[PDB]
Amino acid sequence: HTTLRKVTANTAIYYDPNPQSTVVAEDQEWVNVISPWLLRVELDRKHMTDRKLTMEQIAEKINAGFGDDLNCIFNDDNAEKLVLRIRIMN
Amino acid sequence: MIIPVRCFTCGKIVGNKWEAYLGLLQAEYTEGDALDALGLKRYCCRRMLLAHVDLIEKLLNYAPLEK
Amino acid sequence: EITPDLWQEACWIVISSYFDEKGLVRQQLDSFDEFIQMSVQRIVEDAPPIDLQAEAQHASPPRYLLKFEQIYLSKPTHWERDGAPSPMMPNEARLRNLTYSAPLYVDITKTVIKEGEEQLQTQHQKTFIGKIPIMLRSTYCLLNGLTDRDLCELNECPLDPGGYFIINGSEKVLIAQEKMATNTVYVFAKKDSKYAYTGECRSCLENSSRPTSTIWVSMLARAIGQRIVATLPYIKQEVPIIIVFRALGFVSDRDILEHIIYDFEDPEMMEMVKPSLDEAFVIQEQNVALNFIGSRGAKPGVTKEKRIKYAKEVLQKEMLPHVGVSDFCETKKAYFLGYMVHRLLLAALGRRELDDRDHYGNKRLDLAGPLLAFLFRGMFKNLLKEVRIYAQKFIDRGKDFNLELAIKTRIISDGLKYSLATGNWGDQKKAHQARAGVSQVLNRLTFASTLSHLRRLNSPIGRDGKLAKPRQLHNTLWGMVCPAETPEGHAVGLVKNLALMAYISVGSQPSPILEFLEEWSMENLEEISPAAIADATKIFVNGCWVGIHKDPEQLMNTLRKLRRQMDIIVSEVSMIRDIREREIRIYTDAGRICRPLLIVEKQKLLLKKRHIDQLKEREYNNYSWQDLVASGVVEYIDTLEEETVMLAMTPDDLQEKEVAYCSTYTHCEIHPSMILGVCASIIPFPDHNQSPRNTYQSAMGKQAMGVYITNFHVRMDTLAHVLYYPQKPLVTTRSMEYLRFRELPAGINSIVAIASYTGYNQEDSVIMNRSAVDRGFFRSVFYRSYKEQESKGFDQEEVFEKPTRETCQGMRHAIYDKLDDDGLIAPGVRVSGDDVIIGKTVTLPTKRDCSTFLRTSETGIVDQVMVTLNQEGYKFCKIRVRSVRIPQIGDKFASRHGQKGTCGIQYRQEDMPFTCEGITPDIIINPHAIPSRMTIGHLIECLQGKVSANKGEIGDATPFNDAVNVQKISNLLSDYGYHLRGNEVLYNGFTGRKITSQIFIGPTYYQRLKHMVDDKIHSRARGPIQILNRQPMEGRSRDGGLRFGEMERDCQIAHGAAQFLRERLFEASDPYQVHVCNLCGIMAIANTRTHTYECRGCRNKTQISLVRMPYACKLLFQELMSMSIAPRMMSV
Amino acid sequence: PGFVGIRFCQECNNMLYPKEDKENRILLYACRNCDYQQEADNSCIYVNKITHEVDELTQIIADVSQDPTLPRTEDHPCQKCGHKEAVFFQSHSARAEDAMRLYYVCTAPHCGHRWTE
Amino acid sequence: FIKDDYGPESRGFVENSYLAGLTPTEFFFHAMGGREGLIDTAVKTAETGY
Amino acid sequence: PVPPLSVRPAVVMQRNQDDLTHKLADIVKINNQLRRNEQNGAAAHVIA
Amino acid sequence: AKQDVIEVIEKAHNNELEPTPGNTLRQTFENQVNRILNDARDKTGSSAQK
């Protein structure tokens, strides 16, 4: 059994007025891109590659569990940092 | 209480040796010299005086029941 | 100068000084002395005066105060209205079954105002409250400071340690009772609960009437998550801590957080404190929080201003009494409660670790002093609340009152006497509620047993519990509790004795420490702001947060400097600096268990050749242990201070230049053998044995028979056992000379041969030498005492006389000619079972006897007969009977290593094997008892005993001596003409052929235990019967029968012996016949002589059945019918 | 990442709570007692480190050096003052996932240096 | 023992036999170890008989 | 039903009554008191 | 055996000890120490019987 606590390093929430603004410097969101209060969780490569998951799998699990009440914006499996951002749709 | 009359193991008379043993210890004699000055060659007889505690003296400090 | 390689004598010299200046019951004596000196005074003075009015008016009322102080206590006195009162000798109290008590006196000042503004106060000096039982050899006992010659003149034993009470002529010993330490914060984490962490601090004022008011500060175990609650005394539900602070008086939020998190730059603390903050953003002022607490109170007020006052009273007095109860102590209580919350958060974040419950730093010992204080306080309150009732009953009519009649002197004395005599520690009404086991009857079978019973602790946790954690030997038991000594029954680890040099602190006022502290550079809580509280260190005194200091160092050194010269801080006070966590705690309360340790500077002891020399010439220079303490050479270190200190086992071996291990020692142990107790300090080479063997020897040392006390002939005592020829052991520890074991030994240095001779010792048994037993080997005499007192009604007068057959009706077949005409036997008369000893008859409204018969199968001789008057003035007689116990087969014998065993056979000297000389072993034990038990100490004792008996020296078996070993002992033995390993060539006693194997033989100190076989053997053949159910009685004395229990029944079922099972449970116990109706299975009425069998309720009288039944079954059926159940037994 | 820290109202000294000024679409911290507002400078509300990679050196304090019961070694010197003797010990902290790692504290007081090797 | 001492002598290992005797630390540790078995012997009965 | 003397034996001058006999004595005391009150007084309050 | 325990302690202190899969650093250090001590005790016992 694996919860999302096992794989994440730390979790933080911000108040980004514009999703386009990207208060955190992340060109992945720049190239990828309605609520201003967002959610951000940082995973670690260690448990991620130990249990063989993907950001796509985690995002589809979130979308199935919670429906289209929120959209997950996940960084690709290329950067050293493991980010997925969470909003809440209106 | 009091020194036994005979050694439990040997049976050699030890009852008469206690006062002489104390007298010899009231001198330069050590225990090992007093025991064989009294003629105790076997350790069965030697322990009879060596390990004896003379409690009759502590018993006599109490006043008797009668007079 | 420094003392090298003289340690083996210097350490034992200073130990001898310690045991000369302090006895072995010093904790008992000091606790009782401090009690009767100051604690009774403070209890009698802090009681509030009582003011009492009339019934509010008489026609269309003044009061008085009655305040008293300045208690007086006198020495024990004895006689009442028959002669001028005289002091009570303790031996006289033992003989006459009196209570060795002392009267205490107070002087009262009743000041009364009635009218006209005229105040008259009348003082009554030496008002009598009662008689307090007093401990022997105490500072007000009549044997205090008496010389040995005077003690012998008073028929008292000079070797008797004292420390016990004589009540109804029976020795009572207050067993020390463990408890969790008070006024200290403990953060725990119970596994399965709604909350994860919980912080408790049970709190007590300086011996106030209020009990331990325990407050818990807890954190929930998972929205928001992790709220902090604080269940409060006299509050039904938990209350969030922020509401508690707002009720305490802090309107703001920053001020509250200043009392919990001391450094605001730590956001991890804030992230866990805000979930509790956002719980209570609806209370903003003090009064609404007071209302919130009052609503949750046990007594909810009907109006708002009643809940306000109730909750204010709870916060003022119930919560945290030790930090202060006064007009304005809100800031101090808030600081301490915020500290408690901070402690809980530190455990929640993992910055610190959870406190251990078994850590005996967290434990306190309730000795005679504290226990008698706790019980006397309650009885004194009960006395006051009846003086008040008498005063009310006279002032309602308002005529006058007399305080002499008002004072009920019975209550205090009778409560003390009942509590100490029975053991139920509390009021007599709550006999089941009060804890028992305290104040046991002193065990007076051996001197070592008496010492062990006088030095004993007790853990008041429930027995027969499957939680082994409390029972386990904790690491903090080093040097304060004997690791070996503990009972093997259902009290393993719960009942633990006291180490040798272990001393229990007696308590003192912390006020001098407070004035000393407040004048260096520290600040009280009220002076500073929490801005500078994070970088400095918190000072605790007896668990209450007193202040804050910027420089922990050079104040720790200052406190140690004062304690090492006894300037202001006494030696028992312990100062503890926690370093990684900034607390610095000072403890002064009573019950702290501590032991003396040497002081070590850079790498050198402060004990010097000059100290050893001036203390070796003692009794002339009187440089005692107290002077050694005053020299700043030794300190008393408890467990708290033992955590923060670095010890060395041996100065020579652990303070030298080498591959460095510590090089930063602070203390050194005087001698490691002092970690043992009293019964475990008599074990030779105890480190060469398996520990369960040592525990069993510590248990059986209390059962070895010997001269248990010097004055055993004046001591009329039941179950007294003395050996004819006790001997001090040939091989001994250096710790026996302090237990006085070489003055009152229990055992004989027997020559044992560990061999399989015939097979009568195979399963842990032993062969004895019949000739040695004839010569007096282990021969003893058994003293049993019989008491009786005449009296009880208007005309049923008891009287001692010879019962005469034509006059008295009820008589046994026993012969009464052995009695003298006064009704007693003269001492020196041969007696046997079912022989009358005390001829006592009661008048029959001709006469019926109540004569005391000698216990069946005793068959002894009367030693002495004493007649006297009890405290009721009636004739009282005690008779002691001698009965010698020649060692026979089956008598339980044991060594000093837990090698017990019953004699299996007794061979004469001819039948017994022998050496090249005529030496035949007094004892032969099976060699198959060594390899699994692994009592290598037994073999080394048997070797060193031969070495010592040949050398002329007394063998030394100090546990950790390291100056003697098997190789040295063997080399010493080889010089005396024996095989170096103790083996000898014995010859067979029957055939004369030398035994092919060589026999291991030598003198070993065996003990004779009280478990004789003549005191256990019994049979039965249709003897006496119980009264309720007609089954055989129970007990050896009552000629009872053995119990064919539920497992024996199951075993017979498994055998499939149904006829034997029925024979056992039906005919061999209680055959019985009952008559039952055939229509209804209810028992009928049978009149056998007229053969009229009728079952009412049916009117049949014709069809009636007889069924054979156990009487217990019939009585079960009758009980069921009484419970309205109808067990109907149809035979069809 | 960092840690968010609670700071208090200057009027009544109470805990601020995050709010969105919907008109300007900007974060505001609002005291629920009084009408005080203030603009937030961190833009972060809540941070939670689940991996809890903690630098124990911050919780280690300098006065631990004079503890008689701690081991002492001269093999590892201090870095600023080059003092030869150093005091070392383990985490002494609960929830230390996997750490036998030694933390060192320099003696010769007023140095108080702390490092890890 | 020094703080955080995981060595064999500091955690209960007894390098001495019953012949050479036990150093006081080893004696205390062996007593504490045997206390566990002694406690188990008493506690086990009230469960096994039941 | 009151159990017989065999179920609740009384020893002689320790006569001493049984623990159940004392409770039965209390039972009969209160039953008689309740009875006599319910005919004569009939207060309907003390009866409760 | 004592030297081996000391060097295992050194490897654990210098973070040179890799945790055994299925175990944390503390329990794998405990396992190494117990293995070394048990092997030493077995070897000494076997030498005794020899």
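Values quoted throughout were computed directly from the atomic coordinates according to the rules given, and no laboratory measurement underlies them. All Cβ positions, even for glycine, are placed from backbone atoms using ideal geometry, and neighbour counts span all protein chains on display.
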Can you spot a residue in segment C:210-217 that is out of contact with any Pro (no Cβ under 8 Å at 6 or more places or on another chain), of a type in the set (A, V, I, L, M, F, W, C) and in a loop (DSSP other than H, G, I, E, B)?
-> no
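Would it be correct to say that C:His474 is in contact with a helix residue (DSSP H, G or I) (Cβ under 9 Å, 6 or more places away or on another chain), surrounded by 18 or more Cβ atoms within 10 Å (Cβ to Cβ) and either basic (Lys, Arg) or within 14 Å of another protein chain (Cβ to nearest Cβ) (or both)?
Numbers: in contact with a helix residue (DSSP H, G or I) (Cβ under 9 Å, 6 or more places away or on another chain): yes; surrounded by 18 or more Cβ atoms within 10 Å (Cβ to Cβ): yes; either basic (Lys, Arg) or within 14 Å of another protein chain (Cβ to nearest Cβ) (or both): yes.
Yes; evaluated as a whole, the condition is true for this residue.
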Some residue of segment C:876-886 being small (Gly, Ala, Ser), surrounded by fewer than 21 Cβ atoms within 10 Å (Cβ to Cβ) and touching a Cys at 6+ places or on another chain (Cβ under 9 Å) = no
Would you check which residues across segment F:1-28 are surrounded by 11 or more Cβ atoms within 10 Å (Cβ to Cβ), assigned to a loop (DSSP other than H, G, I, E, B), within 9 Å of chain C (Cβ to nearest Cβ) and among the aliphatic types (A, V, I, L, M) and list them?
-> F:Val2, F:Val7
Out of segment C:582-599, which residues are outside any strand (DSSP E or B) and under 12 Å from C:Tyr636 (Cβ atoms)?
-> C:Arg592
Does B:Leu50 qualify as being within 9 Å of another protein chain (Cβ to nearest Cβ), touching a strand residue (DSSP E or B) at 6+ places or on another chain (Cβ under 9 Å) and closer than 21 Å to C:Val707 by Cβ?
-> yes
What are the residue pairs meeting all of these: first residue in segment D:47-69, first residue closer than 18 Å to A:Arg40 by Cβ and more than 8 Å from every other protein chain (Cβ to nearest Cβ), second residue crowded, with 17+ Cβ neighbours inside 10 Å and not small (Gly, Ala, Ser), Cβ atoms under 9 Å, and 6 or more apart or on different chains?
-> D:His52/A:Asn10
If we scan segment C:95-114, do we find a residue that is under 27 Å from the mean Cα position of the chain (by Cα), within 14 Å of chain B (Cβ to nearest Cβ) and buried (at least 16 other Cβ atoms within 10 Å of the Cβ)?
-> yes
Which of (1) closer than 28 Å to C:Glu743 by Cβ; (2) of a type in the set (A, V, I, L, M); (3) more than 9 Å from every other protein chain (Cβ to nearest Cβ) does C:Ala436 not meet, given it meets every other one?
-> (1)
Does C:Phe264 satisfy the criteria of being farther than 17 Å from C:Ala247 by Cβ and in contact with a helix residue (DSSP H, G or I) (Cβ under 8 Å, 6 or more places away or on another chain)?
-> yes
From E:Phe13, E:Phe27, which residue is more than 7 Å from chain C (Cβ to nearest Cβ), in contact with a helix residue (DSSP H, G or I) (Cβ under 6 Å, 6 or more places away or on another chain) and closer than 20 Å to C:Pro483 by Cβ?
-> E:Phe13
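Every residue, every condition in (1) of a type outside the set (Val, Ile, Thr); (2) farther than 28 Å from D:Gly5 by Cα; (3) within 14 Å of chain D (Cβ to nearest Cβ); (4) not in a helix (DSSP H, G or I), yes or no:
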| site | (1), (2), (3), (4) |
| --- | --- |
| A:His1 | yes, yes, no, yes |
| A:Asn10 | yes, no, yes, yes |
| A:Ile13 | no, no, yes, yes |
| A:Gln28 | yes, yes, no, no |
| A:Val31 | no, yes, no, no |
| A:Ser35 | yes, no, yes, yes |
With the checklist (1) among the small types (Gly, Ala, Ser); (2) farther than 29 Å from C:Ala660 by Cα; (3) part of a loop (DSSP other than H, G, I, E, B) in hand, flag the one item C:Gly632 doesn't pass.
-> (2)
Here the qualifying pairs (Cβ atoms under 6 Å; residues six or more apart or on different chains; first in segment C:947-976 and over 26 Å from C:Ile675 (Cβ atoms); second of a type in the set (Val, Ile, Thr) and assigned to a helix (DSSP H, G or I)) come out as C:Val947/C:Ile969; C:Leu972/C:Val947; C:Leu973/C:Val947
Would you confirm whether any residue within segment B:54-61 is of a type in the set (A, V, I, L, M), surrounded by 12 or more Cβ atoms within 10 Å (Cβ to Cβ) and more than 7 Å from chain C (Cβ to nearest Cβ)?
-> no
Counting only residues that are buried (at least 20 other Cβ atoms within 10 Å of the Cβ), among the polar types (S, T, N, Q) and away from chain B (no Cβ under 14 Å), segment C:945-972 contains a total of 1
Any pair with Cβ under 8 angstrom, 6 or more apart, that starts in segment C:114-130 at a residue that is under 24 Å from C:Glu386 (Cα atoms) and ends at one that is among the acidic types (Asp, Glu) and part of a strand (DSSP E or B) = C:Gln123/C:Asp107; C:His124/C:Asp107; C:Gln125/C:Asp107; C:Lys126/C:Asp107; C:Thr127/C:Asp107
Can you confirm whether segment C:246-257 contains a residue that is assigned to a helix (DSSP H, G or I) and either closer than 27 Å to C:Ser209 by Cα or within 42 Å of the chain's Cα centre (by Cα) (or both)?
-> yes
Scope segment B:33-47; condition surrounded by 17 or more Cβ atoms within 10 Å (Cβ to Cβ) and either at the interface with another protein chain (Cβ under 7 Å from one of its Cβ atoms) or in contact with an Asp or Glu (Cβ under 9 Å, 6 or more places away or on another chain) (or both); matching residues | B:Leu35, B:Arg42, B:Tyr43, B:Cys44, B:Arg46, B:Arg47
From the set of residues in segment F:29-48 that are surrounded by 11 or more Cβ atoms within 10 Å (Cβ to Cβ) and among the aliphatic types (A, V, I, L, M), which is nearest to C:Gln1026 (Cα to Cα)?
-> F:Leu34
Might you let me know whether segment C:974-986 holds any residue that is part of a helix (DSSP H, G or I) and either touching a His at 6+ places or on another chain (Cβ under 6 Å) or surrounded by fewer than 20 Cβ atoms within 10 Å (Cβ to Cβ) (or both)?
-> yes
Considering C:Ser511, C:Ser452, which residue is among the small types (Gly, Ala, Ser) and surrounded by fewer than 22 Cβ atoms within 10 Å (Cβ to Cβ)?
-> C:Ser511
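Are any residues in segment C:628-655 more than 30 Å from C:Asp355 (Cα to Cα), of a type in the set (S, T, N, Q) and in contact with a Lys or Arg (Cβ under 8 Å, 6 or more places away or on another chain), and if so, which ones? So that I can check it myself, show each step before the final result.
If we filter segment C:628-655 for residues that are more than 30 Å from C:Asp355 (Cα to Cα), which is where we start, we get C:628-633, C:650-655.
Now narrow it down to the ones that are of a type in the set (S, T, N, Q): C:631, C:650, C:655.
Residue satisfying the conditions is C:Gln655 alone.
Restricting attention to helices (runs of 4 or more DSSP H) lying wholly within segment C:677-777, give those where 1 or more residues are crowded, with 20+ Cβ neighbours inside 10 Å and within 11 Å of another protein chain (Cβ to nearest Cβ). It would help to see each step written out before you state the result.
Working: elements: C:691-700, C:736-739, C:770-775.
In segment C:677-777, C:691-700, C:770-775 are the helices (runs of 4 or more DSSP H) which contain 1 or more residues that are crowded, with 20+ Cβ neighbours inside 10 Å and within 11 Å of another protein chain (Cβ to nearest Cβ).
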Among the residues of segment D:1-37, write down those that are assigned to a loop (DSSP other than H, G, I, E, B), more than 9 Å from chain C (Cβ to nearest Cβ) and among the aliphatic types (A, V, I, L, M).
-> D:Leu16
Just wondering, is there one or more residues in segment D:89-107 that are over 20 Å from the mean Cα position of the chain (by Cα), farther than 20 Å from E:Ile2 by Cβ and more than 14 Å from chain G (Cβ to nearest Cβ)?
-> no
Residues of segment C:916-933 being surrounded by fewer than 18 Cβ atoms within 10 Å (Cβ to Cβ), away from chain B (no Cβ under 14 Å) and in contact with a helix residue (DSSP H, G or I) (Cβ under 9 Å, 6 or more places away or on another chain), in sequence order, are C:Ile930
